[PDB]
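Student: okay, here's the opening piece of the assembly, coordinates as they are in the complex:
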Amino acid sequence: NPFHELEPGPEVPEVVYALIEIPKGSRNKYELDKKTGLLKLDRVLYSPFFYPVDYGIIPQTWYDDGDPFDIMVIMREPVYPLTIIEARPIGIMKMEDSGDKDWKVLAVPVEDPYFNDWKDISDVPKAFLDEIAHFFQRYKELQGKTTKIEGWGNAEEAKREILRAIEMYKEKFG
Amino acid sequence: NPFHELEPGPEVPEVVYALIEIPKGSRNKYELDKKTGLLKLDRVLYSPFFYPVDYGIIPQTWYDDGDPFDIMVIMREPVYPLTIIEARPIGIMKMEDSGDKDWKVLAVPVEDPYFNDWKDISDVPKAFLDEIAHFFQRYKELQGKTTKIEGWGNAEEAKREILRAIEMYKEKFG
Amino acid sequence: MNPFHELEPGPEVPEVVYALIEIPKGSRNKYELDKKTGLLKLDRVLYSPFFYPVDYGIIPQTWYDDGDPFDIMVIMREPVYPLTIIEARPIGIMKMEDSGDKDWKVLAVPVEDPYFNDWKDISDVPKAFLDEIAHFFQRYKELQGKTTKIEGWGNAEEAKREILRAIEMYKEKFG
Amino acid sequence: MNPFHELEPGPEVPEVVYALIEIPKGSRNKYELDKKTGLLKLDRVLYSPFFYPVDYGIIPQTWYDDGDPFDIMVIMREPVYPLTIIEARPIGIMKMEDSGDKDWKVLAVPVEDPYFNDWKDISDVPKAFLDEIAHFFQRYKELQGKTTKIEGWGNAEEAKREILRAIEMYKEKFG
């Protein structure tokens, strides 16, 4: 299982690995099968929305909601599921999903020179942050779930949470 | 301008023409330029939603909101903008957009045998009607606009509104 | 690790099975699982300009009369990637023979797409869609000189019966 | 207006003709020119999961024995959009009958794609590719109960002669 075998990053927390589960533009929500590590269909979103970013997890992390720590990587061309990307955290989306702390790192790929000058949350166009928050605010509405979006934190805050999640993993597993 | 030159349908109101502006899966919202009849970008949706149906207008119609009557055609493979489809109305979505009556016909293509037994609103899976209503409920949320979804009418009601819109066009233009 | 051998046939057999997808809807490339390694392998490029009309794969830990894992076709609105696991509800079975071999294939819908919540048996599928699937398997190997015979469609109960047979066959051959 | 009537048959007929594309390679939707309106119109969704193996259209200002514009079928590496004009070199012709009507089709390559610079006649096309095109037309209307008959392929010389005949037929019937 790639979640357990891969390190959290080559230079934590400045550069982490993102293990992508869902490419931008997908309406299918994929997850990793915990037994086998194969990709598994979790569900088809109930609404005609698509993931606005490549979406995945940071290996060897664990979070308050009892899952690996989520990461969103802005890719110009989406990658395939189960692709590793070297990513620089630039911010963090604060949200609760049904009372669980479900925060998500926002990151850019180190190896696309397009994003060389994106280093903090203030470098992202605000319409783009709004569209991401709106997606998570409404994507489970027809399943009757409520999500609360609490805002965006900056790069420093993102990196602190990554360190916290790396420590939580070490506790729970070994 | 195709809006003025084409008849409303070969067998109104059982079979109408749909002039498609937006193929299913588009985030770009297109309209017809009224001067030239060329396709024009109206806007990019502010949220990562895609049109869940091929979306267009019925030629030579006019509606209470001061626009051609809208029609949504369920296509398995989306068509290109400015394509004419022969469509059978099977229902109607009732909604208001900023206080304007903005109802939209739901239809299936006559020439796809997949839909041969779809003749009324009750033949559509309810999750699919929900996803369409949810799209129109939220797609302008970040533009600060409010839309109210009032429910779905059946095929007979759709066909009555089509006749009304065909008459309204004749009044206003000639 | 070979997914075919390592995954259970499903979480609630035969009402819900796992489909391990090999070929997404819309592909002209026909992929298979490499027997030795479990990697995806190109079997062939179809000789005609036809595309797979459904997401196509196998049920893990099954064996059928034709000497292969039992095939399953899953109706997906948006195709998945190869090697994706889908929890699927069987709703019917296509009966066909390919060069003397019984090459029947389960038809299924995904449990986690609410669009298909009411599809529970073969009669819930538009007839034109069943015909398009059957026509595909009737003709897709015509230029390879192969003849296939479509024998018709069986219902959900029959599909479930055959899944149980295939699971038992696997146990006898490998277990 | 109607591009079918407004555009010349080609800049150097019959060596180079215009192909007015109606259906891009890969489409399961079959489009046709209103022929009175001029705008693209959905004729049908193919009943089988087959896709057009070439970019398909008509030569402007032509008329053929079947009572329609002359079908041309251009090999493109990347498909174009409907209503795009391509300068095309005829390299052959598919002889077929559809419902008894002579429904022959020109096969051509784009002048402005150097990939095909050395394709000049029907013998330059891989045989498997000619077979895939013929098989598509043999079977694409099978579920509609129509019968087509594939009679074989003619060479570039024959295709060019037929183009000139179609140009003459248009003049007699309209001009």
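Tutor: Happy to help now that I have it. Numbers count the residues shown, from 1 in each chain, chains lettered A, B, ... in the order given.
Student: Leaving out chain neighbours, which residue sits closest to residue A:85?
Tutor: In space, and not counting its chain neighbours, residue A:85 is closest to residue A:18: 4.7 Å by CB to CB, 6 or more residues apart in numbering or on different chains. For every residue, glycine as well, the C-beta is placed using N, CA and C.
Student: quick one, what contacts that neighbour?
Tutor: Contacts for residue A:18 (CB atoms under 8 Å, 6 or more residues apart in numbering or on different chains) come out as A:54, A:56, A:57, A:58, A:71, A:73, A:84, A:85, A:86, A:87, A:107.
Student: Following element in sequence after the helix or strand it falls within, please.
Tutor: Element membership for residue A:18, per DSSP states H and E: strand A:16-22. Where DSSP H and E defines the elements, the next helix or strand beyond strand A:16-22 is strand A:28-32.
Student: Check whether the helix or strand following that following strand comes near chain C.
Tutor: Sequence order places strand A:39-44 as the next helix or strand after strand A:28-32, per DSSP H and E. Yes. If you take CB under 8 Å from any CB of the partner chain as the test, strand A:39-44 does meet chain C, through A:39, A:40, A:41, A:42, A:43, A:44.
Student: Close to chain C: what parts of chain A are there?
Tutor: Contact residues, chain A versus chain C (CB under 8 Å from any CB): A:26-28, A:30, A:33, A:35-36, A:38-44, A:46, A:80-81.
Student: add chain E to the structure above:
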Amino acid sequence: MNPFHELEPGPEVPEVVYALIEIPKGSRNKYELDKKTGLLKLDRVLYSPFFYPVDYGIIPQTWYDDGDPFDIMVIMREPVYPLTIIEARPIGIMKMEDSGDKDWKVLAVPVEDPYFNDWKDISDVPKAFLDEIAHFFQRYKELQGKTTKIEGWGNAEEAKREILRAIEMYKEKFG
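Tutor: If we add chain E to the chains shown above, we get the following:
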């Protein structure tokens, strides 16, 4: 009707112009407007495996020093279809010469995508993106034996200046 002649250069020249798109981002096919009819036409297939990095088109009712309509590149997140009109804000201009011809091209953002609300001048564009556009035009005709010289980028004010020049040139040649 020919869109190039019938549409105004824009609703609020030179702050907002119309871009009539001929080539969507991601295309290897290079399309143009047919001079006589206004239909889309394949100009060529690029000789190298490069794709247009931006949606590419022309400003209606303009004429430039190189004897063609003035070209405009629009940065779109999702590409449009050919012959689509986009209201665009010019933010810069690429200066380049193609075989002795001044072939400068306006860079613009769509007015109706809020993603670009803060892009108002050449300095707002990531440098790597400008380089990728320039590299494309530097090399895309290399195998055709053509040499192009990239002279650099001008700012929004310069782009607007040139748009006004191009509008005047059109009036003098056709009006």
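Student: residue contacts, the spatially most central residue of chain A?
Tutor: Chain A has residue A:71 as the residue nearest its centroid, 1.8 Å off, counting by CA atoms, centre = their mean. Neighbouring residues of residue A:71 by CB under 8 Å, 6+ apart: A:16, A:18, A:55, A:56, A:57, A:58, A:87, A:89, A:104, A:105, A:106, A:107.
Student: that older thread, would you mind writing the CA trace of the strand holding residue A:18 as PDB?
Tutor: Provided in PDB are the C-alpha atoms of strand A:16-22 (Å, rounded to 0.1, in the frame of the first residue of the first chain):
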ATOM      1  CA  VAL A  16       5.900  17.000   0.300                       C
ATOM      2  CA  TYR A  17       4.700  14.000  -1.900                       C
ATOM      3  CA  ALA A  18       1.100  14.100  -3.000                       C
ATOM      4  CA  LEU A  19      -0.200  10.700  -4.000                       C
ATOM      5  CA  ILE A  20      -3.000  11.600  -6.400                       C
ATOM      6  CA  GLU A  21      -6.300   9.800  -6.200                       C
ATOM      7  CA  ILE A  22      -8.600  12.000  -8.300                       C
END
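Student: Pull the distance from that strand to the chain's centre.
Tutor: Put simply, strand A:16-22 sits 7 Å off its chain's centre (CA atoms, centre = their mean, to the nearest Å).
Student: following sequence is chain F, place it on the structure:
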Amino acid sequence: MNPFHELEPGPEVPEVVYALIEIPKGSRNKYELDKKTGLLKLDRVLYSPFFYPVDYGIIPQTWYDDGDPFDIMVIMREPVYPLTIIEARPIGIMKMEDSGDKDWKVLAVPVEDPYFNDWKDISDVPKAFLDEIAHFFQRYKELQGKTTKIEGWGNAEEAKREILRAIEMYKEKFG
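Tutor: Okay, chain F now, added to the rest:
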């Protein structure tokens, strides 16, 4: 595990080899095998708007002068997914140097696509296509300031000899 170490070089080397695909035709993303992890990893986004003109990968259990697995580049009509195995016939070899290192690449066609049945050597490939591949490799790292040198193409005989040498080098370095 790591498919690079687990899979044989081919079922009938050097006439038929396995190509383990890392990058599908059309990708601007350059992927590489963790080579220790085994999972697909993004190496870089190409700095220019170029796309891989072929499906690109490596031959398992090979090692080459450049200190990596032997690059193979399979002509597919429909691209495959990363980590797919294709049975491939070598028809030639591209000789090139990258940063001074001998970075030669096998060119191959799939055994199971009848379209390429008559492609057996480098002379069977359209010259424009060989030029497009070479131009891609000549220029794709230009904005990274790297220099590559294209030295030309060898025939099938030469490609096969090099495959055997690479198989031997792997054995010496690992086996």
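Student: picking up where we left off before, relative orientation of the strand holding residue A:18 and strand A:28-32 in degrees?
Tutor: With axes from the mean of the first three to the mean of the last three CA atoms, to 10 degrees as the basis, strand A:16-22 and strand A:28-32 are set at 130 degrees to each other.
Student: Strand A:16-22: which residues count as buried?
Tutor: Judged by neighbour count using 16 or more other CB atoms under 10 Å in any protein chain shown, the buried positions of strand A:16-22 are A:16, A:17, A:18, A:19, A:20, A:21, A:22.
Student: Out of those, flag the one nearest to chain D.
Tutor: Taking CB to the nearest CB as the measure, chain D lies nearest residue A:22 of the buried residues of strand A:16-22, at 25.6 Å.
Student: That closest one touches residue A:57, doesn't it?
Tutor: No. Counting by CB atoms under 8 Å, residue A:22 stays clear of residue A:57, with 10.5 Å between them.
Student: Name whatever forms a beta bridge with the residue nearest to the centre of chain A.
Tutor: residue A:56, residue A:105 (DSSP bridges).
Student: Get me the contact residues on chain A for chain F.
Tutor: Residues of chain A lying close to chain F by CB under 8 Å from any CB are A:2, A:5-6, A:75-77, A:79-80, A:82-86, A:109, A:111-114.
Student: Kindly give a single PyMOL line that selects the buried subset of these.
Tutor: Under the burial definition 16+ other CB under 10 Å, those of these that qualify are selected in PyMOL by:
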select buried, chain A and resi 2+6+75+77+79+80+82+83+84+85+86+109+112+113+114
